[PDB]
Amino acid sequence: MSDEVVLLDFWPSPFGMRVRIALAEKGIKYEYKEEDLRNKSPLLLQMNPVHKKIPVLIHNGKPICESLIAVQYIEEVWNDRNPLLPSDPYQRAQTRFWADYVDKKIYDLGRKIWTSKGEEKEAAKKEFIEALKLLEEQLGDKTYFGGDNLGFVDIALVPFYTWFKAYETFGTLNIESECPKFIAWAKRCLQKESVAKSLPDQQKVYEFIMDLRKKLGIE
């Protein structure tokens, strides 16, 4: 346990939650540090000069930025137990692909859903559900995306669950009707301690988004 591990994060961030899940799942004890992104710390600005974003994993004093890159780092350094990625190069390529798909789609469509109006919002909604269906489809059978254990794609994707209430309310939308197997999988993930301890409740996230929409618009 001699290693020093610090996580710069902000509690409702799905990207931060990824790293939270990955550390828990590996059994890595760490110091969590909360950032106020409207007043970023000098430490965060020094550790992430390029993007000035969280999460930032700091390991023995050295920063690793971009959540999924941090998750692969965690995987490659603490690789003695609990593989979060397949060892077959082709299967690994594919879990990289779907994790990447999550990065491309979910947060951005998501943000469009709760910020935009009219057809822009209407289009964001359709794409959002297609994206989830594709993911749902790739899950198919399997307990988790990673097969029998939590994997890279579960880690990448399940934090967004905590944002679903906000999507649904501001989006005028219902994911469980459209993608029942999806919501089932999320719920299975929430039974794993590494996930439950890492994710905030949808309600707290909703309120966060609500305070954030008012500080912007439309309502």
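We number the residues from 1 along the sequence you see.
Legend: mean Cα B-factor per stretch from the PDB entry, 191 to 199 versus 15 to 23; the higher mean is in 191 to 199. Averaged over CA atoms, B-factors in the entry run higher in 144 to 152 than in the other of 144 to 152 and 86 to 94. Residue-level inspection of the entry shows that, of 67, 162, 172, 60, 172 has the top Cα B-factor. Sort the modelled residues of the chain by CA B factor and residue 42 lands in the middle third.
In the deposited entry, the Cα temperature factor of residue 139 places it in the highest third of its chain's modelled residues. Per the deposited record, the Cα B-factor of residue 35 falls in the middle third when ranked against the other modelled residues of its chain. Looking at the C-alpha B-factors along this chain, the one for residue 107 belongs to the middle third. Among the modelled residues of the chain, residue 131 sits in the middle third by CA temperature factor in this PDB entry.
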